[PDB]
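Written below as structure tokens is the structure these notes are about.
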Amino acid sequence: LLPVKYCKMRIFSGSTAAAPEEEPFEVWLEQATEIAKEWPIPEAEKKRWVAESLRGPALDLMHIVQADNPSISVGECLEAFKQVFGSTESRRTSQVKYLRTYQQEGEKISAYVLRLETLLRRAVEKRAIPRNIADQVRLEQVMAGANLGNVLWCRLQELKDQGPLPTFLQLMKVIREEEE
Amino acid sequence: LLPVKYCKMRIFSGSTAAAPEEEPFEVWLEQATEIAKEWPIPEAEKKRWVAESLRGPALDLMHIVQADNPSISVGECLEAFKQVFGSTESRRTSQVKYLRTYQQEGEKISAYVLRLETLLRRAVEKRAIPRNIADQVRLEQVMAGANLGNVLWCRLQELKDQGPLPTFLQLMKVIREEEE
Amino acid sequence: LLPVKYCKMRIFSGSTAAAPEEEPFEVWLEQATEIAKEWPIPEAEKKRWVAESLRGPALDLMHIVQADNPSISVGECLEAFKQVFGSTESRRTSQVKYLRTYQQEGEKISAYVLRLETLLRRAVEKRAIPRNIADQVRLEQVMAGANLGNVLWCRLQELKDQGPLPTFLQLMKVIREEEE
Amino acid sequence: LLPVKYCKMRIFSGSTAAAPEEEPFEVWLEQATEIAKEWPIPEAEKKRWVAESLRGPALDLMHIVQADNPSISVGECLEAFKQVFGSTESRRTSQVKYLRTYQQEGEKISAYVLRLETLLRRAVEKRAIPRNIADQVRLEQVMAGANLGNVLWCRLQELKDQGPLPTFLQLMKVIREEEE
Amino acid sequence: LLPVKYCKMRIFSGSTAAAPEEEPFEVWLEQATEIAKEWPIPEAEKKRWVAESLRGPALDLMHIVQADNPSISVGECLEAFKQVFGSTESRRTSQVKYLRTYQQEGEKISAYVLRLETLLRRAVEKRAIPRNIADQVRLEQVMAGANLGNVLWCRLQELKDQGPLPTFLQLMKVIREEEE
Amino acid sequence: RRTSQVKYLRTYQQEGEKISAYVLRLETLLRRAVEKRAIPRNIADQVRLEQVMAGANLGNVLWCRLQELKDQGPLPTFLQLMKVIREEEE
């Protein structure tokens, strides 16, 4: 007799040609680890709720993993998913992929600096970039990788010379104010 | 055993290339502030229900904000979203964007005056237009920005000369009656 | 632990370029008047459940209406929606739109007579057509507006001469039997 | 606090240009007759749950039927839907439509024999085909209407000569084994 | 008053031209066998929940099966679905389809080895491949069926000569490290 | 630190260079970057193999031997990496 919302579970599939509904694996693993740790029900219910979030190749991995060992716990299943799909990158490769990341031909430069900031957090978690220079490399990698121009270059090089460098939100404010 | 409705939560993403499901940020913030203020559950549940309404770049901001400070409250998270995505416009820029807004080449003029009225409310909230002339600028900005013609121009200039000017609903009634 | 259906609320938007999900306004108003009259919860809950059924320009009207008067009741909100979107047609215009309605170039004539019957109910509610001639004008407006031919014309003119004229369902049966 | 499935109600519309969500009428009537007979709630709730399953022209029939008689019961509403949309075919026409049904240019012959078997059940319910020859007409109408060839023709004519003829499932097994 | 997730039931249809929502039959049968064995409700409820997961040709089989015997149990219904749609392959055909499976022209070779591993599990369940050589045939069928090249061929032939051969996850790790 | 990191990573084998000369040129830029504290010394070997493999005009079984060395565990010193690249130069 009462109406209610209905959150669509985060489906994952592991296909390279991912459909518009389907998350990157790290977001799905955050959902699956919630089901594994948090939810109060037995492991048989947990396995079912994890499997329902999976489609295509990733669901086939769930079948393979259970077929080898029906006595397995969901925590060990997620270790198999982390091993097959969870990214493995080295310090060399995380540094290179951050530095090689330029503004794409269709991007607004405000969207590029946000995309680039996700790669910086990735690289800091690998300990591939020291946190105490993250601001320097933000201004540098924006200026080296963006399709930049006009007085935005002047304001960014001024900020590089200013002393205390921008946080990410402040650098976005500058780039947005020039986007107008 | 009972059937019920199922409201799709308002998803937001912050991409400039927004998908057809995805709201403008101000509508999403109205939903997220409901979850922050109203709902009775602890901050850990509130964070989860806010994060589930987010997809793509805006979800990456939720991860960044939590990673800097896991002790943060949802109210302070929404202040970070307001700062990154919530619009910052000055009196000069809100006045200019209202006045520069013409009827688009495919629009019916009845749809244009409704679109234009949203920009007037925006400008009044910045205190960029005095409320006591909002009617005058509606008739003027319709007449200056629309692809207008015929006896609708005559009726609108007559209304400009009439003394007491139209409210928005009355101006729409006139423009709709000429749309037939 | 139990599974259940999930009725998608009837979304409305008021755009002329309406998306395939989105109802004509009169169907949405039937849903919104159910929420206004029937549902047991306070006006603050009613406002929220009405607003969740709205998207795009029609949601912007809900914001405008509430911003002018936060003390308003949902019944008075629906009067503002009726005034802005609810159709206003005169006896002259309802008579003309019924009579001007021909079978569209892609229509099957069985679909045309059903479309046409909706316009007759509209015109009868304006008192623009006397109920006691509705059958006569159905056969006439089918015969004058359809892409008709063959022995279906003969059977329809025979029915016009028969004495007691078809009801709508009987006229559809005839047109369907010739559709085969 | 608990997650659950959410079955999408079977929407029907009665348009000839039916959208990919929308069932053939006979499947919708099976759902609507469940709501009419089975569900425990009063007729006012039953009318609402039937109307929510309807979209476009079929919803307009629900409005017409209720407008003529607000005192009507849902059973009598479904009799009006059966009369307008429910198929009326004679023995001659059901026999002809079964026999005229050939394999379509894009069909696999295994899909054709399943499509054809639905038309045989239809014809048997009209008493247009005696049940005691249904097997004979399956092999004949497959062989006369399919884009058949190779040793599948030989195996089918052998089965026609074998004595005890295939059931539908056995005929599908043969046609599937040649599909490989 | 509370919000909740809403898992979309796994729809199946049995059309060869399957829509993007629709599972392979073996995944649907895993859902339908859960409804048949596990769920506590009577067989009449079980039949309804199975039928709601079906669309198009597969729903027509549910109608045929019930029409022949209304006294049937859901377990015997799923035996009819297994017989009509569940795959029947011999040892010869499962061996041939595994060996004939090459990397498709658009595939990344990491996706190909995962696709190929599903066919190996299929063949092992038919007892068509001895488990004690599954690793040998993985490296061979990758090397014979892939669009392979570069030092990945050298590393794979080295692994073939190494003594203890890769598990599937280890072979994927190698192929992924060369995908970079 | 930003500019020394960028100039090291942006340094590819020039169109006329032998790859043995390129890895020596590249090693001078690594010492420069380590003196700015722009690269941690404890990963200098990893970035040598990576920046050779990403910046060189490499090919043949030299790529295989270099990726093998990247997987080997204990990575080459500069002199050992030059020995490998010289032995393939022949």
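Here are the numbers for the structure shown:
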{"item": "Residues within region A:145-159 that are part of a helix (DSSP H, G or I) and either surrounded by 17 or more Cβ atoms within 10 Å (Cβ to Cβ) or touching a residue at least 40 places away in the same chain (Cβ under 8 Å) (or both), tallied", "result": "4"}
{"item": "One residue from F:80, F:67, F:46 being of a type in the set (S, T, N, Q) and touching a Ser or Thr at 6+ places or on another chain (Cβ under 7 Å)", "result": "F:46"}
{"item": "Selected residue (only one of E:51, E:58 is surrounded by 14 or more Cβ atoms within 10 Å (Cβ to Cβ), within 24 Å of residue D:9 (Cβ to Cβ), touching a helix residue (DSSP H, G or I) at 6+ places or on another chain (Cβ under 9 Å) and in contact (Cβ under 8 Å) with a residue 12 or more places away in the chain)", "result": "E:58"}
{"item": "Pairs where the first residue, in region F:69-90, is more than 19 Å from residue F:41 (Cα to Cα) and the second is of a type in the set (S, T, N, Q) and surrounded by 13 or more Cβ atoms within 10 Å (Cβ to Cβ), C-beta under 6 Å, 6+ apart", "result": "F:85/F:20; F:86/F:20; F:89/F:20"}
{"item": "Residues being at the interface with chain A (Cβ under 9 Å from one of its Cβ atoms) and either assigned to a helix (DSSP H, G or I) or among the hydroxyl-bearing types (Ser, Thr, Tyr) (or both) - total across region E:95-124", "result": "7"}
{"item": "Any hit, region A:16-27, residues being of a type in the set (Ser, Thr, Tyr) and surrounded by 14 or more Cβ atoms within 10 Å (Cβ to Cβ)", "result": "no"}
{"item": "Count of region E:136-180 residues which are more than 14 Å from every other protein chain (Cβ to nearest Cβ) and touching a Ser or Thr at 6+ places or on another chain (Cβ under 9 Å)", "result": "2"}
{"item": "Test for residue A:96: is it crowded, with 17+ Cβ neighbours inside 10 Å, within 30 Å of residue F:55 (Cα to Cα), touching an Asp or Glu at 6+ places or on another chain (Cβ under 8 Å) and not charged (D, E, K, R)", "result": "yes"}
{"item": "Number of positions in region A:160-180 that are more than 18 Å from residue B:57 (Cα to Cα), surrounded by fewer than 16 Cβ atoms within 10 Å (Cβ to Cβ) and among the β-branched types (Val, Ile, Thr)", "result": "0"}
{"item": "Candidate set from region E:125-134 (those that are in a helix (DSSP H, G or I) and free of Cβ contacts under 8 Å to residues at least 12 places away in the same chain); member that is surrounded by the fewest Cβ atoms within 10 Å (Cβ to Cβ)", "result": "E:132"}
{"item": "1 or more residues among the β-branched types (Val, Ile, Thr), within 14 Å of chain B (Cβ to nearest Cβ) and within 20 Å of residue B:59 (Cα to Cα): qualifying helices (runs of 4 or more DSSP H) within region A:1-90", "result": "A:25-37"}
{"item": "Any hit, region A:35-46, residues being touching a residue at least 12 places away in the same chain (Cβ under 8 Å), closer than 24 Å to residue B:53 by Cβ and of a type in the set (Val, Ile, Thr)", "result": "yes"}
{"item": "Flag for residue C:137 being without any contact (Cβ under 8 Å) to a residue 12 or more places away in the chain and buried (at least 16 other Cβ atoms within 10 Å of the Cβ)", "result": "no"}
{"item": "Options C:93, C:101; residue that is touching a residue at least 24 places away in the same chain (Cβ under 8 Å) and out of contact with any strand residue (DSSP E or B) (no Cβ under 8 Å at 6 or more places or on another chain)", "result": "C:101"}
{"item": "Selection count, region D:27-50, where residues are hydrophobic (A, V, I, L, M, F, W, C) and more than 22 Å from the chain's Cα centre (by Cα)", "result": "4"}
{"item": "Number of the exception - residue E:90 against (1) touching a helix residue (DSSP H, G or I) at 6+ places or on another chain (Cβ under 8 Å); (2) under 20 Å from residue E:127 (Cα atoms); (3) among the small types (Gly, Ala, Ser)", "result": "(1)"}
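No Cβ is skipped: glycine too gets one built from the backbone with ideal geometry, and neighbour counts run over all protein chains shown. Since every read-out is calculated from the coordinates, none of them should be taken as a lab result.
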